[PDB]
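Quick mapping for you: the protein sequence lines, in order, are chains A and A'. A prime marks a further copy of an entry chain.
Reminder that position 269 of the first sequence reads as 276 in the authors' numbering, one-by-one numbering, no gaps.
Reminder that position 41 of the second sequence reads as 48 in the authors' numbering, one-by-one numbering, no gaps.
For every residue, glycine included, the Cβ atom is placed at its ideal position computed from N, Cα and C.
Below is one structure, written out as structure tokens; comments come after it.
Number of protein chains: 2
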Amino acid sequence: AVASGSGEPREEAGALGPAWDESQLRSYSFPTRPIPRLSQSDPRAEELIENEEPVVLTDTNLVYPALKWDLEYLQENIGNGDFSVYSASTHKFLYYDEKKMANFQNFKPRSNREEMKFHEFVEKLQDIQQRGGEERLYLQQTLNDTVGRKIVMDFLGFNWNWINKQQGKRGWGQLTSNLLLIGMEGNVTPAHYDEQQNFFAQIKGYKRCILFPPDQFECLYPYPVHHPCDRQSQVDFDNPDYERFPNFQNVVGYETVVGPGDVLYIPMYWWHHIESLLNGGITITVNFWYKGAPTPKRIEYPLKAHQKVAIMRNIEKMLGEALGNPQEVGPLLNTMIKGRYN
Amino acid sequence: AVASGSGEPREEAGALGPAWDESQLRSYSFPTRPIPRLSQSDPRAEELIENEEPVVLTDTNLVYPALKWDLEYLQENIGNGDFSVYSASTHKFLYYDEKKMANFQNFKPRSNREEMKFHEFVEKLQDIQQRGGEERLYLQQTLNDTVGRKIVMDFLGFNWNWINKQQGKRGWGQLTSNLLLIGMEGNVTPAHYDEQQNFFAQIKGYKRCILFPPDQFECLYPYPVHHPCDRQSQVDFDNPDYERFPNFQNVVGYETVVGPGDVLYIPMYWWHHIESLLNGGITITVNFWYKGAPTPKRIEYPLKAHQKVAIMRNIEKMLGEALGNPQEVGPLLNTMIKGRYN
Ligand SMILES: O=C(O)c1ccnc(C(=O)O)c1
Ligand SMILES: O=C(O)c1ccnc(C(=O)O)c1
Ligand SMILES: [Fe+2]
Ligand SMILES: [Fe+2]
């Protein structure tokens, strides 16, 4: 009952029909409660953000000027700088960090990155659609200098007044980046966490977002810190291995479906699983990543979950450095705990 | 064949008989090779010490003046400062660190410490012997200022020329202390390691010493660093729990029996198990503990075993401090490795 997931699908204005329907959602093995959908003026929303809990804001106008963006408009105005585009023979686009590939030679990426011009991206899509292909593409490109003047106009129209005040109220560091995400229906980014505070602005299409608090670290089994898939869950949500990952049986999520105009606050360290609804067409999103606030005066107990995750990360990093080889980290940790702490 | 243990018992000079016999040795579940017994002039002994491997030196005259020490002589000359004396209803005298008891309230020492004057110690022994008691005593007291003039005379007679040169050649730090150990036949100090370099000078009676290199950390299962029995093996050598401690089945020792005049180099981090031969009478030993050498320029790979032990110790210490509670160390380490590194 309380695990109502994304809830009853919203009705679009002027009787244009249900935004989406249950059958566009993938099927998973865990329960989920709904993320609150609130007005930016609702003091409850300010409460959730201040407390680093997720909330969907329905009326920020954060990216009002971008709501007009489609492929046509963007190809026309975005410039001809390079755009990273990932390809995969599967619906899953597992993130990997290429700077860490050097030290796991045995890692072979499922998806491949290719730089290209926007028009080329648009062509590949049309090409795949008209030939019924099963290939999938996901453009994921940070918003840089080579963008056209109209796109820059839109950018300036963003609700900087609102977000700059959020940045200020939360003591967050600088805006590190804005990622532009354009994906095909059915695309999935497997569960992971980021060490950035994130306002995730939905623009075109609908995305189902499933989040897990940092205190579910134990149920989600991140890769080793030195692995390319650092911060990504090892668990295949489509075929969970309960032998390797027993506690995934205890995992409980928070979920919501976002559409044009919604902004989802994804607090730093919160796991998130993001998928573009089945048969919902392409999706477009722009995120806003901010460095988190500085670590307070000195430590205050009890520690929050995210501080414990930070401590584990640091242990793993320092051990890799001390041993002189990230590959020796596991054996040493085992030696340390077997028959001693387990 | 190569696992010949302490070897053929030595013959004492002038046909006074075998120093000791097999039946005075306790029975254990692992194999052992003999520690080399060499002359201080043997360049092989200098080799072993430089390489931090154990060696028994037969002719250092390190504590020549103390070879006359018996209870009578000591009670007469040692002063009347306080002497720590441990009592136990068992042959095992497990070392515990009282400064760490505060944070494991559930730990109850097997042996109890009582301060007393030397003559009182001598009395308790006589008392126990004449009444056939099963109680056991082990005096373990650092050699301080309150010692009489004759004992100080002996002390000055020690072979400082030889040992000071060892300290020098090995770059070791200062002499931290000299412990005086007086134990009843059959007494056992369960296996442990020390973060000091040790010349262990045998004076009266015979002790069987079993050492394990630092690279057997995995087979010996030390208590947690914050526990009172930090550095002690959890394994009961008399009834080994192969379920909890599977790798103790792989443990291999180096052993030797030392007598009046022998000095055993016990390199820093080497595990040692020390027992006073059954039915061999009281034993007397004086050790010489030196801070180890400083850590070289910077790290050189590959790391030695003892450097890995140091790294594990530091991880455990820093985690205790970060979490603000040593009790949370185990749960966090488990969370870190389960389904990730194991
Ligand atoms: O919308 C995406 O597919 C996505 C996936 C994972 N992470 C982010 C992010 O903005 O943190 C966005
Ligand atoms: O002779 C002892 O019982 C003993 C036991 C454990 N450690 C030492 C030492 O000198 O390191 C001495
Ligand atoms: Fe993310
Ligand atoms: Fe010791």
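Assigned secondary structure, residue i (DSSP; H/G/I helix, E/B strand, else coil)
i, result
"A'/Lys211", "strand"
"A/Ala95", "strand"
"A'/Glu142", "coil"
"A'/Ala198", "strand"
"A'/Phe295", "strand"
"A/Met343", "helix"
"A'/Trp167", "helix"
"A/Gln174", "helix"
"A/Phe244", "coil"
"A/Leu64", "strand"
"A'/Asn286", "coil"
"A/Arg51", "helix"
"A/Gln136", "helix"
"A/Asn205", "strand"
"A/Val154", "coil"
"A'/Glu121", "strand"
"A/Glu192", "coil"
"A/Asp237", "strand"
"A'/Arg320", "helix"
"A'/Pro38", "coil"
"A'/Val159", "helix"
Cα-Cα separation between residue i and residue j, rounded to whole angstroms
i, j, result
"A'/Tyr261", "A/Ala198", "52 Å"
"A/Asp134", "A/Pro235", "31 Å"
"A/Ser94", "A/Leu101", "11 Å"
"A/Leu339", "A/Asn257", "28 Å"
"A'/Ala109", "A/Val259", "38 Å"
"A'/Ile210", "A'/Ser283", "12 Å"
"residue 5 of chain A'", "A'/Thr292", "As shown, chain A' starts at 8 and ends at 349. That puts residue 5 of chain A' outside it, with no answer to give."
"A/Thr65", "A/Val265", "9 Å"
"A'/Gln112", "A'/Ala20", "52 Å"
"A'/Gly14", "A'/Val195", "20 Å"
"A'/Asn87", "A'/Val316", "40 Å"
"A/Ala73", "A/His233", "37 Å"
"A/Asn286", "A/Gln31", "7 Å"
"A/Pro38", "A/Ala8", "10 Å"
"A'/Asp248", "A'/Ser36", "12 Å"
"A'/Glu141", "A'/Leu132", "11 Å"
"A'/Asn171", "A'/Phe90", "27 Å"
"A'/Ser118", "A'/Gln314", "32 Å"
"A/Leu326", "A'/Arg251", "26 Å"
"A'/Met160", "A'/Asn84", "10 Å"
"A'/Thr342", "A'/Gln334", "14 Å"
"A'/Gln82", "A'/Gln137", "19 Å"
"residue 3 of chain A'", "A'/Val92", "Residue 3 of chain A' falls outside the range modelled here, since chain A' spans only 8 to 349, and no answer is possible."
"A/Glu323", "A/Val336", "7 Å"
"A/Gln173", "A/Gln47", "11 Å"
"A'/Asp104", "A/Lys107", "43 Å"
"A/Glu121", "A/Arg238", "23 Å"
"A/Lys115", "A/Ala10", "37 Å"
"A'/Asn321", "A/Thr302", "23 Å"
"A'/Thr263", "A/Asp201", "57 Å"
Whole-Å CB distance - residue i paired with residue j, under 8 Å assumed
i, j, result
"A/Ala329", "A'/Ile344", "About 17 Å separates the two Cβ atoms, so there is no contact after all."
"A/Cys226", "A/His279", "Between A/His279 and A/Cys226 the Cβ distance is about 15 Å, and since that is not below 8 Å, they are no contact."
"A/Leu218", "A/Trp277", "5 Å"
"A/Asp222", "A/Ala300", "Contact flag wrong, Cβ pair sits at about 19 Å."
"A'/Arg347", "A/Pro253", "The Cβ separation is near 13 Å, so there is no contact."
"A'/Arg44", "A'/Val63", "4 Å"
"A'/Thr290", "A'/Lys176", "Contact flag wrong, Cβ pair sits at about 29 Å."
"A/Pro16", "A/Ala26", "5 Å"
"A/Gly268", "A/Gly212", "Incorrect: roughly 12 Å between the Cβ atoms, too far for contact."
"A'/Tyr80", "A/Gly331", "Their Cβ separation, rounded to whole angstroms, is 54 Å, which puts A'/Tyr80 and A/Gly331 out of contact at 8 Å."
Closer than 6 Å: residue i CB and nearest ligand 6 heavy atom
i, result
"A'/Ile281", "Ligand 6 is absent from the structure shown, which contains only ligand 1, ligand 2, ligand 3 and ligand 4."
Handout entry: Three-pair Cβ contact test at 8 Å for the stretch 265-275 of chain A versus the stretch 41-60 of chain A
Key = Verdict: yes, contact present.
Handout entry: Any 3 or more C-beta pairs closer than 8 Å across the stretch 165-184 of chain A' and the stretch 66-73 of chain A'
Key = Flag = yes, the stretch 165-184 of chain A' and the stretch 66-73 of chain A' touch.
Handout entry: Three or more C-beta pairs below 8 Å linking the stretch 241-249 of chain A' and the stretch 177-187 of chain A'
Key = Contact fails: fewer than three Cβ-Cβ distances are below 8 Å.
Practice task
Answer yes if the stretch 190-209 of chain A' comes into contact with the stretch 136-150 of chain A', meaning at least three C-beta pairs across the two stretches below 8 Å, and no otherwise.
Solution key: Yes, the stretch 136-150 of chain A' touches the stretch 190-209 of chain A'.
Exercise for the section: Count the CB pairs spanning the stretch 200-209 of chain A' and the stretch 280-300 of chain A' that are closer than 8 Å, and state whether there are at least three. Expected result: Yes: the two stretches touch, three or more of their Cβ pairs being nearer than 8 Å.
Exercise for the section: Examine the Cβ distances between the stretch 149-159 of chain A and the stretch 34-53 of chain A and report whether three or more of them are shorter than 8 Å. Expected result: By the criterion of at least three beta-carbon pairs nearer than 8 Å, the stretch 149-159 of chain A is not in contact with the stretch 34-53 of chain A.
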